[PDB]
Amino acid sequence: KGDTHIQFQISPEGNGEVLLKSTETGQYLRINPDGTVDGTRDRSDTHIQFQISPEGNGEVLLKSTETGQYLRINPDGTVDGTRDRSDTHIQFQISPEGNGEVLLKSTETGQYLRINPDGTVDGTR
């Protein structure tokens, strides 16, 4: 939890969409059509638009709207997209740390989402 690349801002975009942005670099989380996940500064990229979908008891899904893929953190720390809504590795807890900064913690594995400064995305405990 002491990692320096795990804090995000959540920017509302109306119509119920949000952007998930690294506080360090301003890079936005992106799910590509091929299921890979990375970071980009391209504000106009359609693949950075997310919907936060409540599951109950405070768990949420983070769904990339353009291609309907849910963010997944696997036990091995890799991050990808999936359409399998029953996967236990797509549930997140949004944990604020003050001033609009949050950690995005994947419930099943205890991993925090991380966007490294090179735009690579992974999980760290």
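Note that residue numbering follows the sequence shown and begins at 1.
Novice: Between 46-54 and 78-86, which has the larger average Cα B-factor in the PDB entry?
Specialist: Between 46-54 and 78-86, it is 78-86.
Novice: So, looking at the entry's B-factor column for Cα atoms, which has the higher mean, 55-63 or 29-37?
Specialist: Higher mean C-alpha B-factor in the PDB entry: 55-63.
Novice: Looking at the temperature factor on the CA atom of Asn15, which third of the chain's modelled residues does it land in?
Specialist: For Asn15, whose C-alpha B-factor we compare with every modelled residue in the chain, the answer is the highest third.
Novice: Lowest, middle or highest third: where is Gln69 by Cα B-factor in its chain?
Specialist: It falls in the middle third of the chain.
Novice: What third of the chain does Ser95 rank in for C-alpha temperature factor, lowest, middle or highest?
Specialist: Bottom third by C-alpha B-factor.
Novice: Can you work out whether the C-alpha temperature factor of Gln7 puts it in the lowest, middle or highest third of the chain?
Specialist: CA B-factor rank for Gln7: middle third.
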